[PDB]
Structure formats: C-alpha cells, structure tokens
Ligand SMILES: Cc1cc2nc3c(=O)[nH]c(=O)nc-3n(C[C@H](O)[C@H](O)[C@H](O)COP(=O)(O)O)c2cc1C
Ligand code: SF4
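Protein chains in written order, with the entry's author numbering: chain F, 80 to 107; chain G, 110 to 175; chain 8, 32 to 458; chain 9, 40 to 141.
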C-alpha cells in the first residue's frame, strides 16, 4: 500500500531496537 | 634451396627407444658404448585439498562466485 | 486409519482466521503457557514431538522430529541460526501465505518456542519479495508484539530470547533447496552447493544452521502445548497428523481446508464444497502432487487415501500437499507442456544433466503437442527421463522427469493417435 | 533481451537521498561483522526503488559502498528477476500462466 517508504519500517523502530549487534569479526 | 623442405644429415636424429626403468635404462648405453646423461622422474606433492573448507567463519579462505 | 477419515471439527491445529487479525494478548489460544515450557530442560521438548512425529511439510519424508534432536546436539564455538522457508515453489501450492496473511502471531512464537530446542542464537525467516503487501505487515506483527516486551532478550522469564530478522528474495526458486537458501541468505548468486559437504547442518552461514518449513515450525508449539495421544490422531501407524490441502483447477469452490490423513480423493475432491465439473464422466485425470507427481487416471486414485506411503503404492507419491485435476476440454499433452516450459526457466544451470538436459525434452515436447514427426521417439524420450536421477545435485532434476516419466506411463495412445492426426493430415 | 550493456549510463550519474543513508545503518546492523560484505539484496533493490529502474551507474555505485569488485554485483542483478535493468513503465503487469492458472 505504501509503494516507496520502507524507511521507518527499516529505520525507525528497527534502527534503535536491533541490538547490539555484536556480530564479531571477520576482519578478514 | 628449391622448395624449403628442411633436408638434413645426422642420420639418427629420429629414434626414441622406450625402456621400462632406470636400473634397466643405462643398461643399453654402456652395452652399446656411447656417452650419455640422466634426468629424474617427478611426481606431485601429496597433497591436501578439501572442499567444504570454502565456507568459513574466521578463516581467510572463503570463496565467492565459484 | 479408523473410519476412513479425516474429518474437520472446530478442534484443529489452527486457531483462527476471520476472528482477530491484529495484536493483543492472544485473546484465547496463543502465547498461553510459556515460562513453564522454556524453564524446563530443553531436550524435554526434543523427542516430545515424537508423540506426533511430523513427517514435515517441506515436500519430502524425514520426520521433523529427528533432525532437531539430530546433530546440533552439542555446541562449541559458533552460533546456530534458524532459517525457515516462507517461500512457495510449487505451482498451485498456495498453502503458504494464508498462514501469514491473517494470523502472523503464531509463527514468531513458533520460532521462539521452537528455537529453544535448537539451542539456536538468532532467527531468520525468508520470503519471496513477490509478495509485497502481505509480507510487509509481519514487521508490524513483529513490532506489535515484540515491542510489548514479549520477545528478547530474556523475554519472557528465561535468560534466552532472541528476535527474528525478516529478509527477502526476488526471482527465487531458492527455497527449492536448503543449501541454496543458506547461500542466498548470504548474497552470493544462489547456486545450491553440493549436498554432502558436511550436509546442511555443518556448512552454513558461517556456522551450523537448520532449514525448517512453515507448518513444521508453525504447529510445533500447539503440539507441544497439548500433544497427546491426540498428537497421533488420524493416519496409520506410519504417517500421523492433519495437514492442509488446497484444491485447485476444477472444483465448485476451490479453497483450503484442514483435513487429516488417509482421506480418499473421491469424497475429498467432491466435498469442500462440490465437484462442480462432472463428478464422473469428466474422466477425472488427476495430479497428486503440485508439480512433483505425474498423472493418475480414473483408477484406484479415487479410492486411494492421501496418506503418504499410500501414494508410494501408486507410481508416485506427493509431499507437496496440493491438488490439480482436469475434466474434458483440457488437453493433457497440451496442459503438461506448460508445466515443463516452467522448469526450463527456474533451473540454476550448474550441472550438465539439468542444464542442456531439460531443454532436450522441452524442445521436443513442442513436437508432440503440435503433432509432428514419428513415434519410436516416445521410447527414447522415456530413456532421457530415466537418464537424469543420480546425475543432478538438487531435487529439481529428480523433480524434472517425473511428470514426463509418468505421462509415458498411464497414457499410451493419446500420443500415438495424435502423431497420426498429423500423419493423416500430411497426406 | 541481452545481458550486455552498450555503454548507456556509465556516469548517469546517480546517488542516494541523504534520507537513505540512515537506513543503511540499520540493514548492515542485521548481519555479523566482517562477513557483512553482502547486504546487496535489499541495498541493491532499495536503489531500484529510489529510481524505478537501475542503470549501470547504480550497479557501480553500491560497490563503492560495499567494497566488492563490481563484477560481484553485475552478476547478482542478472540472476534474479524482480530487478529491471532496462527502463520500464508506470505499471508493470503480470498474468500468471501455469498449469493451475491455465
Ligand atoms: C523447485 C523447488 C522449490 C522449493 N520451494 C520451497 C519453498 O518454496 N519453501 C520451502 O520451504 N521449501 C522449498 N523447497 C525445498 C527445500 O528443500 C525445503 O524448504 C528445505 O528442505 C527445508 O525443509 P524442512 O524445513 O521442512 O526440513 C523447494 C525445493 C525445490 C526443488
Ligand atoms: S538442477 Fe542442476 S542446475 Fe538446475 S538448479 Fe539444481 S543444480 Fe543448479
């Protein structure tokens, strides 16, 4: 229904609330 | 200097005998009595190759678009 | 199998559909008892599904109960993930996307309650991006609950909780295999790996993963919530459960219904609701699998119950859980080519048997249908199909021939007479 | 259709809206570090969205963001279907034709 605008979907609640990430390294 | 066939002397020039081994190789140079030389056989390293090491967490060998 | 059914009550494994789509307390069914489950030792859940022993909905055998209590028993250095197909590869499947569309609150639980068995770390799902609207909403469904504090990182009551990261594809078949999906979750081109590296639970993202399916992880919480002794209800001592069928291509009202195993196709097709084509004299030429099973004629299929191993009794079984039939006007030879013309476009193309081996058929199938040069070909075209089996990596080849392998079986003449129909015509 | 480009828009040019550089913080946030290296599937497609079909300078751009040699992109855009390499219309419509749909 919103053709563009994945933004807040991706960047609003997800951006702050996707902790940590640690995710490590893999420098390589 | 008529055609360009490369004519030649050196009447041996084309012989390849085939022996089965070294111990029996030099056997035929002495017995017919001319000088010679030797090379050595070669075979590869062992070696170690494993697919499935190509997807790796911290390893530096990790292929893409194989 | 008891009474030769497979009935449908309001007692089923799926809670609701038209009642409440949005979030809440899971007003009645869901999110009921949790802290008691997870607080007990994890392997209590493992093998507690064995009371059911779900074969799995991934289009195959190999009961889901084993592979989770299978390796991924230990743990050492590296995290474990969950990758659960949401995708549909088979034409006419449609079973998926109905689970997600009106009731997402189930599966986010299905992982959390499920993932604890794996001892996993994170949760990935995967969805064909070709569904833009319905798939877009899961994030809300994630948020509308997850935001309340239902998941992560302790939620709830345990020291173990972790969230779910949606992703998307584009032109995928990739769910056509595990050991492909875990590759295109990564961002390479998707050419599925060799099957035995280290099979799919060793070689993985960086580290061991397990590839589940939708209603394999969907129905697990409710079958560990109650279970029994009702976990095994219908079906013989071998296959047990109640799965979903979605009828398509001739009916009165083709639509899904929850139906238990061992249901005969002659009452099931006619029911839910009508048979609207000829219930008979429409010749009822049927396809058990979606694309993975060849035809059956009017023979014992109609009395043949839909139990898995009951179908292996016939020349082909089906794990896909879908139905497509025909009546009269549809010319099968005409209607099976656009099942093959499909395969040619969905194949990876690594292997020499699959690539360059499917076209050899697809290029000739437009001879028979059109009607064209002489028989004795049929005898060869069978051998080609007999010649791609152990020769391809993935199942798409083993799922490439069966439609043609089982067309040459069960219909001899329809071809033989048509090659004449153009033969007499040429004259 | 053909899969070679006759030097259309090597420098189109193209760029992302500064509203979009704050999401790409979130995407990479998904994955673990050091393997990140492909978020390409959303990130390359988000670029289709900002534009509506991605020219060859779109394929070269993300490489400068993702530091992968840009034959590790031109590949991925020629495999899948959803991406449209050539230009399109305002509505790109589909008719499902398959055994059931037939
Ligand atoms: C052409 C093709 C399409 C497939 N499509 C799907 C699919 O859409 N969804 C899915 O879960 N598996 C699909 N698979 C099969 C995968 O093997 C399966 O998802 C995987 O084995 C996970 O099985 P499990 O989770 O039930 O154990 C497909 C296989 C093929 C050959
Ligand atoms: S069949 Fe051969 S080519 Fe087609 S996908 Fe499976 S592996 Fe790749």
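Idealized CB from N, CA, C, for every residue including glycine.
Which same chain residues end up closer than 7 Å to residue i when comparing Cβ atoms and leaving out the 5 residues on each side of it in sequence?
{"i": "residue 328 (chain 8)", "result": "316 and 441"}
{"i": "residue 217 (chain 8)", "result": "236"}
{"i": "residue 260 (chain 8)", "result": "82"}
{"i": "residue 194 (chain 8)", "result": "154, 177, 182 and 183"}
{"i": "residue 52 (chain 9)", "result": "96"}
{"i": "residue 44 (chain 9)", "result": "95"}
Please return the same chain residues whose Cβ sits closer than 8 Å to the Cβ of residue i, not counting the five positions on each side in sequence.
{"i": "residue 171 (chain G)", "result": "163, 164 and 165"}
{"i": "residue 49 (chain 8)", "result": "133"}
{"i": "residue 106 (chain 8)", "result": "150"}
{"i": "residue 126 (chain G)", "result": "137"}
{"i": "residue 73 (chain 8)", "result": "147, 148 and 150"}
Does at least one heavy atom of ligand 1 sit under 8 Å from the Cβ of residue i?
{"i": "residue 21 (chain 8)", "result": "Any question about residue 21 (chain 8) goes unanswered here, given that chain 8 covers just 32 to 458."}
{"i": "residue 116 (chain 8)", "result": "yes"}
{"i": "residue 243 (chain 8)", "result": "yes"}
{"i": "residue 204 (chain 8)", "result": "yes"}
{"i": "residue 89 (chain 8)", "result": "yes"}
{"i": "residue 432 (chain 8)", "result": "no"}
{"i": "residue 101 (chain 8)", "result": "no"}
{"i": "residue 77 (chain 8)", "result": "no"}
{"i": "residue 120 (chain 8)", "result": "yes"}
{"i": "residue 339 (chain 8)", "result": "no"}
{"i": "residue 93 (chain 8)", "result": "yes"}
{"i": "residue 425 (chain 8)", "result": "yes"}
{"i": "residue 212 (chain 8)", "result": "yes"}
{"i": "residue 65 (chain 8)", "result": "no"}
{"i": "residue 100 (chain 9)", "result": "no"}
{"i": "residue 120 (chain 9)", "result": "no"}
{"i": "residue 232 (chain 8)", "result": "no"}
{"i": "residue 240 (chain 8)", "result": "no"}
{"i": "residue 127 (chain 8)", "result": "yes"}
{"i": "residue 247 (chain 8)", "result": "yes"}
Run the proximity test for residue i: is its beta-carbon closer than 8 Å to any non-hydrogen atom belonging to ligand 2?
{"i": "residue 437 (chain 8)", "result": "no"}
{"i": "residue 139 (chain 9)", "result": "no"}
{"i": "residue 384 (chain 8)", "result": "yes"}
{"i": "residue 378 (chain 8)", "result": "yes"}
{"i": "residue 208 (chain 8)", "result": "yes"}
{"i": "residue 381 (chain 8)", "result": "yes"}
{"i": "residue 96 (chain 8)", "result": "no"}
{"i": "residue 428 (chain 8)", "result": "yes"}
Take residue i and list the residues in its own chain whose beta-carbon comes closer than 6 Å to its own, dropping the five residues that flank it on each side.
{"i": "residue 53 (chain 8)", "result": "none"}
{"i": "residue 160 (chain 8)", "result": "199, 200 and 201"}
{"i": "residue 189 (chain 8)", "result": "69"}
{"i": "residue 258 (chain 8)", "result": "82"}
Please find out if some non-hydrogen atom of ligand 3 comes closer than 8 Å to the beta-carbon of residue i.
{"i": "residue 55 (chain 8)", "result": "You won't find ligand 3 in this model; what it holds is ligand 1 and ligand 2."}
Exercise. At a cut of 8 Å, does the stretch 409-416 of chain 8 reach the stretch 426-436 of chain 8 through at least three beta carbon pairs?
Worked result: yes
For this session: Go through the stretch 118-161 of chain G residue by residue and report every complete run of the beta strand (DSSP E) that reaches 3 residues or more, in order.
Result: none
For this session: Please go through the stretch 97-168 of chain 8 and give each complete beta strand (DSSP E) segment of 3 or more residues, from N-terminal end onward.
Result: 112-116 and 154-157
Exercise. In the stretch 170-216 of chain 8, which residue ranges form an unbroken alpha helix (DSSP H) of at least 4 residues, counting only runs that do not cross its ends?
Worked result: 212-215
Problem set entry | the stretch 112-128 of chain 8 touching the stretch 188-208 of chain 8, judged by at least three CB pairs closer than 8 Å | Touching, yes.
Exercise. Between the stretch 151-169 of chain 8 and the stretch 399-411 of chain 8, are three or more C-beta pairs nearer than 8 Å?
Worked result: With a cut-off of 8 Å, the stretch 399-411 of chain 8 and the stretch 151-169 of chain 8 do not count as touching, because too few Cβ pairs lie within range.
For this session: At 3 residues or longer, and completely inside the stretch 99-123 of chain 9: list those beta strand (DSSP E) runs for me, N to C.
Result: none
For this session: May I have a chain-ordered list of the alpha helix (DSSP H) segments no shorter than 4 residues that lie completely inside the stretch 407-447 of chain 8?
Result: Uninterrupted alpha helix (DSSP H) stretches at least 4 residues long and entirely within the stretch 407-447 of chain 8 occur at 408-417, 426-429 and 433-439, given in chain order.
Problem set entry | Complete runs of the alpha helix (DSSP H) confined to the stretch 327-352 of chain 8 [at least 4 residues] | 339-344
For this session: Indicate whether the contact test is met: 3 or more Cβ pairs, each with one atom in the stretch 99-117 of chain 8 and one in the stretch 154-170 of chain 8, closer than 8 Å.
Result: yes
For this session: Could you tell me whether the stretch 84-98 of chain 8 touches the stretch 168-177 of chain 8, using the rule of 3 or more Cβ pairs below 8 Å?
Result: As far as the Cβ criterion goes, the stretch 84-98 of chain 8 does not touch the stretch 168-177 of chain 8, which means the pair count is below three.
Exercise. Would you call the stretch 341-358 of chain 8 and the stretch 278-287 of chain 8 touching, i.e. three or more CB-CB distances under 8 Å?
Worked result: When C-beta atoms of the stretch 341-358 of chain 8 are compared with those of the stretch 278-287 of chain 8, three or more pairs fall below 8 Å, so the two segments count as touching.
Exercise. Does the stretch 102-113 of chain 9 come within contact of the stretch 225-232 of chain 8, defined as at least 3 CB pairs closer than 8 Å?
Worked result: no
For this session: Could you tell me whether the stretch 91-108 of chain 8 touches the stretch 288-300 of chain 8, using the rule of 3 or more Cβ pairs below 8 Å?
Result: no
For this session: Pair every Cβ in the stretch 59-78 of chain 9 with every Cβ in the stretch 98-105 of chain F, then say whether three or more of these pairs are closer than 8 Å.
Result: Counting Cβ pairs under 8 Å, three or more are found: they touch.
Exercise. Are three or more beta carbon pairs between the stretch 381-390 of chain 8 and the stretch 424-434 of chain 8 nearer than 8 Å?
Worked result: yes
Exercise. Touching or not, the stretch 362-376 of chain 8 and the stretch 392-405 of chain 8, by the rule of three or more beta carbon pairs under 8 Å?
Worked result: yes
For this session: Identify every run of the alpha helix (DSSP H) within the stretch 231-284 of chain 8, keeping only runs that are complete inside it and at least 4 residues long; order them along the chain.
Result: 245-249 and 251-256
Exercise. Are the stretch 262-269 of chain 8 and the stretch 285-295 of chain 8 touching, with three or more C-beta to C-beta distances below 8 Å?
Worked result: Because the criterion of three Cβ pairs below 8 Å is met, the stretch 262-269 of chain 8 and the stretch 285-295 of chain 8 touch.
Exercise. What beta strand (DSSP E) runs, 3 residues minimum, are completely inside the stretch 297-328 of chain 8?
Worked result: none
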